[PDB]
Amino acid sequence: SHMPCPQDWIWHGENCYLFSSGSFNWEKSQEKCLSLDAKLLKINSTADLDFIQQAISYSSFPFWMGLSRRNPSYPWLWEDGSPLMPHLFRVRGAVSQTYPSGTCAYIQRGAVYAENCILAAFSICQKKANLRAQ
């Protein structure tokens, strides 16, 4: 109970969050989080969204999250294959197009945008905190 999260991460709720250092395309951002035994940000509730919007209010830049879609006939899914809960947010940006490497979502000034996954952006990683979960 004394060390929920490592240094340089942010503890919130049952998880730890990391501003990853690099600016990379979505696939490389995914690999970076996985290399840390973590995953790209998964917004699971309105409380999570509120937390992230507050946590990024010091920055105007985009941050990749773990949401992607091969083309518009597929659902938006998190990396674990679960869907975007429809009450959380409405993806803006490049929602009609199809790109060779897929479309991915980032958050920027609290709003969520679709973009060609080849864009280099910052990303947020998360992992479970070292505590006894409910």
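Numbers follow the displayed sequence, beginning with 1. For clarity, a rigid core is taken as the largest C-alpha set superposing within 1.5 Å between two forms.
- Across the superposed structures in 8 other deposited structures of this protein, aligned by the core, the stretch whose Cα atoms lie more distant on average is 97-105, chosen from 48-56 and 97-105.
- A fit on the rigid core, followed by a root mean square over CA positions in 8 other deposited structures of this protein, ranks 32-40 against 86-94 and picks 86-94 as the more shifted one.
- Higher mean CA temperature factor, per the PDB entry, when comparing 43-51 with 89-97: 89-97.
- 68-76 and 25-33 differ in mean CA B-factor, and the higher of the two is recorded for 68-76.
- For the set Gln108, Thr103, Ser57, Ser82, the PDB entry assigns the largest Cα B-factor to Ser82.
- Among the modelled residues of the chain, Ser20 sits in the highest third by CA temperature factor in this PDB entry.
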